[PDB]
Structure formats: structure tokens, C-alpha cells
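*Asks:* For reference, the structure I am asking about is given below.
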Amino acid sequence: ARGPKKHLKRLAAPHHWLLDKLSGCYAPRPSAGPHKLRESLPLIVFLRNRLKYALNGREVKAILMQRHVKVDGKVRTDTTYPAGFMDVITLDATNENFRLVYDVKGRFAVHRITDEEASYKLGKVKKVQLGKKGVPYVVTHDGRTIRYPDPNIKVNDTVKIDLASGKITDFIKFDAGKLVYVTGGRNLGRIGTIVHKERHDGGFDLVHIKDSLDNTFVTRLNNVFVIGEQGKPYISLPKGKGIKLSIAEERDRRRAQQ
Amino acid sequence: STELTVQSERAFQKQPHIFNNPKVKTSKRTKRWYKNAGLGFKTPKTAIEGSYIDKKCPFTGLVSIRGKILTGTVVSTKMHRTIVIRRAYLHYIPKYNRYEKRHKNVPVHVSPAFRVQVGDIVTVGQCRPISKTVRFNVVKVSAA
RNA sequence: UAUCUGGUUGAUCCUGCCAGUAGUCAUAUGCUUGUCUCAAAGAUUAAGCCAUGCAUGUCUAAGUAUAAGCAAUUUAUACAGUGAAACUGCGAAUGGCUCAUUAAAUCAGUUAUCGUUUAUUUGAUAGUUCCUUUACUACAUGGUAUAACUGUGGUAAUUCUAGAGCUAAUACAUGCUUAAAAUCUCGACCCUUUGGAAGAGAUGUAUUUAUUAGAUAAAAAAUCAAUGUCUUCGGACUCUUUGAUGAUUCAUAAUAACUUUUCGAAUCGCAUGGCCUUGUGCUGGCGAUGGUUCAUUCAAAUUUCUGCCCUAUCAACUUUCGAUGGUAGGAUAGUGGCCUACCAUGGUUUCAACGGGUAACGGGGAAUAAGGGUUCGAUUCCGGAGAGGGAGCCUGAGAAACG
RNA sequence: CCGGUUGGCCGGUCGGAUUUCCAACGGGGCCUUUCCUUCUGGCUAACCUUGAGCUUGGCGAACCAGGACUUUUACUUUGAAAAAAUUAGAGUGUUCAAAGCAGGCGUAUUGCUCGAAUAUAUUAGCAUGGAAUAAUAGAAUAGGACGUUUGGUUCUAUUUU
RNA sequence: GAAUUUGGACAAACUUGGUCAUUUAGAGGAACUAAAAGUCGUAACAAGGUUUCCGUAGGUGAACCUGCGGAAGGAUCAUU
RNA sequence: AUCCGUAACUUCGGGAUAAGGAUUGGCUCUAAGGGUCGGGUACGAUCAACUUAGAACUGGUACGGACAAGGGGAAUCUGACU
RNA sequence: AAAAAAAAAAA
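Which chain is which? The protein sequence lines are R and L, in order. Be aware that the first sequence starts at 19, since it is given in the working numbering, and climbs by one per residue. Be aware that the second sequence starts at 96, since it is given in the working numbering, and climbs by one per residue.
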């Protein structure tokens, strides 16, 4: 109150960080950045709780202070930078390259990749507009402002980017039969190759999607994210590939491979 | 409605930033600005022809409908460019596993485009705060 | 884990209650108490009072350092290692504690901002500022304080202070330096009729006002007011440019002026490199800091819909002096009776208004349960409110701030 | 007519599965007088489209675009959303258990790896299928529906001339 | 560019009354409950010794009496 | 004099100018409230009054400026009243 | 179809 807040308690953050209810009363509040707070990995968690490359935020500060890490090709020596969906990380040491995406459980997964894949990324356009002096520009989900794009690009499309410059290499439009990825909801983590959408002029365009196994569901255009066409994606996927197995077949698979 | 000798008040009521050049002589005796608020609602010929102004009208006034689209029936039209409507409904009390009737009297702004009576069913569209109580505006009527 | 028992009678069967029984992260208490783990804890009555001591301060390679501080660089004679104090910048509005107020108010879930502000981040983003703008100018770069400190003192005392003497900046404070083209205006002069001209000035961004475009379902012809593109001047005519939203006076752009005139780098560290007409010549890297606008993020403020305990031994309430609405204006960051002026007489109510009470902050949830349910919820999370009671206000992005 | 779930010999695999099967079970479509909204477009779709046994050419949704329109609800199915923690609950060594969300596996020399689910979460609000139940409206001093027609009145207007 | 200053809105706090609400004394009065082997009688329970009861009005030391109308919970389910 | 506020009790009519309070000048302005005439088979021209409300300005906080002009309340005995 | 009142309580 009386202004912003700058703390954050445990039990208040998302469940998808998998922070224990024990270990003190607090958790790290993400600082500002391109990605919303309710969906952001940040680096301390990514390193300490997922990767185990560090035990304490002190160790993490030491790492970022010696500048091992970068993000989108940028160092970002902050403990609590918001690392969101699609977000590529590069550790020159270990020659490691990750790409923040989700699994079927909605959790940020550890998707190791190569450098050629690190050299680009996708962005869901959140708007296109005319800047000052008749300049057209766009804005993605990762806060990036980009100028002089293809006029064929409209809202809710996806844009492949150079990641050294902030320039667009390519783009994918929004149409039936396009490969999707989910960002938010009960159906988060799935991939299902759109069958069709519905308008609902006045709010909340909806869309029906069916996975490879014909399991259908419906979600919102705010949550959806297109990555490619039927079959081929433009990126590397993790295990599971957005299928959302049932718990029965899941434990069956565990018992098969135990 | 009833066309009310439009320039009755002290101020000159006009559509702002609508300047009809007197130097040019034409048909279209005055420029009248209007729009279509979407959602399939038909801005009437009465609006596009009439001389009334109504800053608060969604068709010719500088407002914008967004949010909710409700329905009611009219119970009081004694005010100037404003009415009240009764939004009946039922409400579940689970202990008894049944309902009870209820209502809300909701004040809504009306444009001179529509002539209305008590009992006329209407639908309304949310606007910004028009006044202390009016957060809505009339968008269609459904009776006679 | 869908259970009953004793008691009205001389005895009987019922109603009906009393007592009994079980549990309570519901408290207090008596007696007792050897171990391991986990762990609530001045909320209830007095949101009553408070001794004392702590609880928000803070630096790097990278704003300012002659400490008459420490060190020794020895690369250094301007400085250049460390480094108290003080200036500056940020923060101190987060967090933490309590539940007194508060009953459509909070709050929950659910909408909206086409009705608004937003430090910090993150990504983008100023060639246009020499003003008779041909000597008017520092642009290898302009000026003045002032702390800290020296020393003189006041006070009984306070995180009290004055006078006197210096000195710095990302402190204050002005102020220049870069294309070209194109379009407009005026316009000398040649003068023509087809009529043309040299030359001058203006043209960033920001604020304010006004005006214009910001679109379009379909196809052909008749002439003309004037010829327009060029002509084989018959008239070939195309080319013509327009994004988004469900929807705008949207975005954006353009003309005319306005502004007490904003912003457009007089900043700092490390590296010191290339070209030579070898001059302290011209170029040149990786950073930190700072700045306009847009967007984003952190939010904030208002806000739609539905829902809240008990009371009729509260039934009519509001409206004088704002109550419901309209118009215009002021104020606001912004909508709006938020306030003012004028006008109309409206608005709520037996579907319980208004009023009163609460031993009432609301929820998420807790206890107990066959099921339905009843009771509770100050309290480990979210949102509110408050700092002994009230009102007010500077600072700032942000407070009606209370360490 | 179509095709789905259970079944059922077969087990043609070695107590797991097939396919042709008698039945039931639920879904979709067609015709029975049964519009069960269509205007403009394109995929023309499935196409009389047939080239000799895989070819040169049917009807707009099955793909969208926009349009005129378009009786109202209630109820119900599904879906989303209902912050975490709590609740029930899967797995798992806290030495059991309360707990916790960790852990386990190797040649332990270099390392590999499952995870940290799921369900409910009123009511209101959103989207969707149904269309019984209960209400609502329609054409009766027909200013009623179709509409190839027939004047006409008003409104708007691109392409070109 | 300080002291100071006019006017304005916010308006704490005080003074006086007005009202509401909660407790608190109060001579005396009139009830209730309980205790008590008190006094006066015996109104009711049986046809309770005048059958009870209701409403109403009046009266009397007290229960209670009486008048009008009603009821059976009566002491009559009954006289072709 | 204008505005506000008004108890018990009550024969419901009163009590009640209850009680109790505020304001009141002058000057300059504003607003509202009217009449008579004009219209083929919405107005306009003219005329003239005193009433009410409000806003600035001003004064040695004064203003029903002299005159004029009620003291009130709680209770009792008594007679109803004029 | 004159009259005929009262009997502490406890079990």
C-alpha cells in the first residue's frame, strides 16, 4: 500500500515454481521486465531449485557478478530478472543453452538445446501500431518493440527473431491447422494443431484444438501460442510434446519403465 | 424525445470538433457526426437525421459502450434523458434447495433517439460513469 | 463412523423438557508429568499507558575527496591505492503489528478503463537548438555559490546552531557545434499572356487551441466550369493511398499560430588502437550514468454484475446548507454533483428501504457431521483500515506517511 | 443407412488380443406433406464430373469472409475460471507416524533418472449441445406471410465516361 | 527574496444548548417468586355438597358472589 | 421583520411569537414575477408597475441605529372558557 | 331437594 510492493511471501507465488512451503516465510519477488510476474521462472530459481548448480542466492549473485550467464544474448546480472515463456538462456561455461518452455504439468521444463537454436526465438505479437512519424511497430509477449515489419503481420501471430539483433527473420500467421502451444490455464503445456476458432465479438475469442490423439479442448487466444504448422514445429520440443496423458496411462508407463 | 426545441439551454449545444464551414454552400444542411457501436446494434435513422445533441448518446455522443449488455423493463421515465429499469431475477438458497424472487432498480441514460414508455422492455450497454449512479446507456428497445 | 440412557406415575403409554454421553488447532484452570519430533502463545478486559536499548540506511572500476586520515604507488607533477566526514543520487510509502472504525461499506469471484497516472525495469526511440541565426559565441567546452574542513562562540540541555575563510559536482546554472534533399510561404526582377523568375525565411520533439485526411458492397455512360497529367493537345488516363478495433473525434500524419519554452549529454571508468599532409592532427572499442516519447513490467485509482448477521417495541427515508437527474464551467491524473451556477422534481422502499444493534474487518478456511446442515473465523495467505483522537501538509513516481 | 461401447465363439498369442458373428447399449445422418435462417463471394465440396480401368469440365461452408436478419428467459450437459496453503487423495523412508516433497539407480572411478499428480472448490458471470418440464410472444376492427411480378416515393453510391 | 498581510476553501478544538442511547439513587406505591407446622376461612377436584368453565359488568375481607349470553372439557349421546 | 428549530401534555382543535438561535444599513448589479396590440380560410412591436430572492463593494461590527416594540420557563391551589 | 368446616410436611 501507499505505493508498490517489493516483498513476496511463500504460499503467495505460483505453484509452478515448486518452492517448498518450508525454508523461511518469503520468496523472491521478480523485478520488472518483459514477462508478467505470475509466469516467470526467474534465474535464482532456475539455477538453485531446477538445475542444482547452486545452493544459495549468494552463490547465484557470485555467478551473475562474474557474468557467466546471459539471456537473449544479454548478460542480465540480476538475481530476479523475469524469465518467461520461450526464453533462451546461454551459459558460455558448460556451453549450455536452454529454452524456457513448459511441460504438460504447466511447469517450466529444462529443455537443453544447441547454439543454432539459441540463436533465435519466437514471440507472440501482442499488438501492432503506428509509432511517431508514421512508423509501424509491434509488441510481443516478451516486451520487445520491433520496427518496420511485414505489413502482412497482424495480431496473435508469432515472429521468429534473430536474437543478436532484435530483427524478425520470419513469422507465422493464425489459421486453422496451425501448431500451437499453451500459455496459461488448466490446459497449459499442450500442443494440438488448431481445428478452429470462434469470434465472440465483445470479448474472449475462443479456440478449439485437438491433439495428435484426437483429445479435444478449448482455450483462450490470450493463452494460445502458435509455433508452427501440422507436424513440423519451428523449434525443438521437450519430451511429452504437449499430449497431456491421463494419470492411469502415466503410472502404467512408470511401471513399464521403473 | 418529442424534439424539444433543441437549443433550449444557455450554452450552445453542438457536437464538438464538428465545424460546418459557412463559406461553402451545399446540401447536408448541417454536418452531423454519428457512428456504429458494433455488436450488431443499428444506429437509427432517427439519430442520423435528428438535430438533438446528447453528449452522452452512444451513437452521436463521445462515449463508448463496453462491458456488460443487460436487459430490463422500464418503470420510471420521469427524468430528463434518464430512466430506471427493474432487473428481476431469482436467487438460490441451498438449504431449502429453491429460490426467491428479487430485483434491482437500475438507472440508465437514454438518448432522444428512442421514444419509450413504462413497461417497455429494453436492453442496455455499460458505459463509463455518466453520473453518480448511471453507468449504462440505452442501446435498443423491443416494444411499442 | 445414520446408535441412546435416567427422571412426572400405585403402575402404563405419549407429548415435552432437565440431566447424562462424545468431540472442539475453543479458551481458562486444578492435580500430575520421565522421553523423541513438530509447535501456538497479551486477540478477547484497557486500539489503555509506557522507562530503557534496538528496529533504514546505502557505493562501485565507473558523480564529488588536498581528511592538515592511512598507505605505499614509485606508472605518473593535476589526480590517479585505500579511505572517515560531507555534498549528490536512490531508498526510507516495502516489510512488521493490531482489528478500533466500518453492514452494499469492506471483501470474494467476476468485468472495464474507447475514462486514467505510473519511479523502477525491459525493448525501441531525437542529424533539424549558432536567433538580423556574414563576427552575435567557449564548443579542446561557460559561471556562481555551498557543504565537509579551519577558527571564533552562544546556550543547562536537543540528531540546536550563528557569524567569519576557503573548495568541488551527474549540485545549481546557462550555452554551441552535423547532413542533404524536398514542400511551403512571401517574393525581387523579366513581363507576358502558356506567362515565369533570382533571392529571403520556415519546416525536430514537447504543451495548448482550431482545421483536414484517417475510406471503400457494383458496373457504365451524357455533357459541361477549367483544357490537368502529355500529346499524333483527337483527347490515351490508367497510375492514384489509407493500418487497427465489435465499435471512436482511435492510432498516426498534415496546416495555422501559441508556450512565462520542455527535451535534444559542458558527465564518468577500462582499453588504448588505426590513418596519415607527425599535428598533441583526424578517427576508434567495451562499458556505467543520464533524457524525451511510445510500449512493456511492477502497480495504483475508479468501476460493472451477484452475494452478507440480528432487528417492525425502526415504515416511511433523502431533498433546508446536494438529495435523483440535465446543461455549462472549475477541479482532478482522469470519468462523474467531486464542487460551483442555472433548471426540472425527482431517487429508495414489504422482493424490508431508512434507522438501530453487533460482545462484526471480509474472505481463503476451522470445529462437528449419514446426508442436509449448524456454529465459528482477531489470528501464519489475499484484500482493507489505523498508528493516543481529529484535521492538515511538504518531499517524492508513490504517502494524507506517522519508527 | 452409417459408424462407436460392451459383450460372444475364436484364443488362431503364449492368465494377454484379434477380427467376420449372432444381442444389448448408447451417437450421427436420410426418407416418410417435415426450412432444420439465408444474401454476396470464393475451396467448388463430396463433383452428371470416366480419359482405356486414377482423368480435361457438377450444387459456396465440410474451409473462412463479410451481410440481412435475427421472441424472450428459467433449467440442464460439457468446457473454461474458481491464487496458494488447507481438504480428500496417487507415489515416495520422516527408523514408523504426525510430518515433509523429496528421492532412487549405477561399474559409486566420470555419472543416469522418475518426480513434485489428480479431484472438489457454492452462488453470480462467460462459451457451448439439448430442448422434456414451467412461463413468454406471435396473423382477427388482419396497418398479416410469402413474391417471379407491376407503377412509384425517399435514401446512398463505386466503376467508368 | 524571509518577516508580515487581505480574501478564500479544508477545518481540528472549545463554549452553549438540542436530542438519542446505556447504567444509577429515589420517600412512597403496587406486584411476583420463595421460605415458614403463622392467621382467616374452605373457593376448586365426587352432583366437592349452590355442576363446572368462558366472555362481560357490578359488588364484597379473602378465596369468591350474583346478573346477561354461551359451551360441555356434564351429572344427560335416549321418548315415534 | 425574514430564515431555521420547537417539549411535555392535550378535549387532537391547541400549546406556540413555546423554548431557543442567526441575520437586518448604504451603494452598484443580476434574476424572476405583468398588460394592450398585431397573424391565409413559433414570435414580434409597444406600455407600466411594486414585491421577492441572490452576488459583489463599503463602513472605527454599525445597521427594526431615533420613535415604536413580548421577559421566559418548571410546578401547585383555584374558577372551565369569553 | 335443613345441616355436615379443617386435618403440617416427609417419604
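By construction, the Cβ of each residue, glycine as well, lies at the ideal position given by its N, Cα and C atoms.
Please report whether the beta-carbon of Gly-220 of chain R lies at a distance below 8 Å from any beta-carbon of chain L.
*Replies:* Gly-220 of chain R counts as touching chain L.
*Asks:* Closest to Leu-255 of chain R by C-alpha separation, out of R:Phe-116, R:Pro-48, R:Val-143, would be which residue?
*Replies:* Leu-255 of chain R has its Cα closest to that of R:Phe-116, out of R:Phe-116, R:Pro-48, R:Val-143.
*Asks:* Under 8 Å between the Cβ atoms of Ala-208 of chain L and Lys-196 of chain L?
*Replies:* No, Cβ-Cβ distance for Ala-208 of chain L and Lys-196 of chain L is not below 8 Å.
*Asks:* Over the uninterrupted beta strand (DSSP E) stretch that includes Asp-188 of chain R, give me the two end residues.
*Replies:* Taken as a continuous stretch (DSSP letters only), the beta strand (DSSP E) holding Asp-188 of chain R covers 186–190.
*Asks:* Nearest to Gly-167 of chain L by alpha carbon, out of L:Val-234, L:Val-217, L:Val-236?
*Replies:* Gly-167 of chain L has its Cα closest to that of L:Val-217, out of L:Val-234, L:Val-217, L:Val-236.
*Asks:* Quick check: the region 91–104 of chain R against the region 59–71 of chain R, are there 3 or more CB pairs under 8 Å?
*Replies:* Judged by Cβ distances under 8 Å, the region 91–104 of chain R makes contact with the region 59–71 of chain R, as three or more pairs qualify.
*Asks:* With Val-211 of chain L and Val-169 of chain L assumed to form a contact (beta carbons below 8 Å), what rounded beta-carbon distance in angstroms separates them?
*Replies:* Right, the Cβ-Cβ distance comes to about 6 Å (below 8 Å), so this counts as a contact.
*Asks:* Please specify which runs of the alpha helix (DSSP H), each continuous and at least 4 residues long, are wholly inside the region 136–164 of chain R, giving them in chain order.
*Replies:* The qualifying runs do not exist here; there are none.
*Asks:* Quick check on the burial criterion: 16 or more other C-beta atoms within 10 angstroms. Buried or exposed for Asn-205 of chain R?
*Replies:* Answer is buried; the Cβ neighbour count reaches 16.
*Asks:* Taking the beta carbon of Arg-208 of chain R as the centre, do at least 16 other beta carbons fall within 10 Å, making it buried, or is it exposed?
*Replies:* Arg-208 of chain R comes out buried.
*Asks:* Within 10 angstroms of its Cβ, does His-214 of chain R collect 16 or more other Cβ (buried), or is it exposed?
*Replies:* So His-214 of chain R ends up on the exposed side.
*Asks:* Name the chain R residues whose beta carbon is nearer than 8 Å to that of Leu-134 of chain L?
*Replies:* Per Cβ cutoff of 8 Å: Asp-219, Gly-220.
*Asks:* Per DSSP, what kind of secondary structure is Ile-265 of chain R in: helix, strand or coil?
*Replies:* Correct three-state label for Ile-265 of chain R: helix.
*Asks:* How far does the beta strand (DSSP E) with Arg-193 of chain L in it reach, from first residue to last?
*Replies:* From DSSP, the beta strand (DSSP E) with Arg-193 of chain L extends over 193–197.
*Asks:* Whole angstroms is fine: what's the gap from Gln-110 of chain L's alpha carbon to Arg-127 of chain L's?
*Replies:* Approximately 8 Å, taken between the alpha carbons.
*Asks:* Using the beta-carbon count (16 or more within 10 Å), is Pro-117 of chain L buried or exposed?
*Replies:* When all chains shown are included, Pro-117 of chain L counts as exposed.
*Asks:* In chain order, what residues of the same chain have a beta carbon less than 6 Å from the beta carbon of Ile-225 of chain L, not counting five sequence neighbours either side?
*Replies:* If we look at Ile-225 of chain L and ignore the five residues flanking it on each side, its Cβ neighbours are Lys-151, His-204.
*Asks:* Skipping 5 residues on each side, what residues in its chain have a beta carbon closer than 8 Å to that of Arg-76 of chain R?
*Replies:* Excluding sequence neighbours, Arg-76 of chain R sits near nothing in its chain.
*Asks:* Within the continuous beta strand (DSSP E) that includes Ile-225 of chain L, where are the two ends?
*Replies:* First-last for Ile-225 of chain L: undefined, no H or E at that position.
*Asks:* Does the region 154–173 of chain R come close enough to the region 267–274 of chain R to have 3 or more Cβ pairs within less than 8 Å?
*Replies:* No contact exists between the region 154–173 of chain R and the region 267–274 of chain R.
*Asks:* Which residues in the same chain have their Cβ closer than 8 Å to the Cβ of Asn-67 of chain R, if we skip the five residues on either side of it in sequence?
*Replies:* Excluding residues within five positions, the ones whose Cβ falls inside 8 Å are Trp-35, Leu-36, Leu-37.
*Asks:* So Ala-31 of chain R and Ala-45 of chain R are in contact, right, with Cβ under 8 Å, and what is the actual spacing, rounded?
*Replies:* Right, the Cβ-Cβ distance comes to about 5 Å (below 8 Å), so this counts as a contact.
*Asks:* Note down the Cα distance separating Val-236 of chain R from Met-83 of chain R, rounded to an integer number of angstroms.
*Replies:* The straight-line gap from Cα to Cα measures roughly 45 Å.
*Asks:* On a CA-only basis, which of R:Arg-238, R:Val-106, R:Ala-80 is nearest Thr-95 of chain R? Give me that one, please.
*Replies:* Checking every option, the nearest Cα to that of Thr-95 of chain R belongs to R:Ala-80.
*Asks:* Cβ atoms of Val-122 of chain R and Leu-69 of chain R: under 8 Å apart, would you say?
*Replies:* No.
*Asks:* Can you look up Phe-209 of chain L in the DSSP assignment and give me helix, strand or coil?
*Replies:* Residue state, collapsed to three classes: coil.
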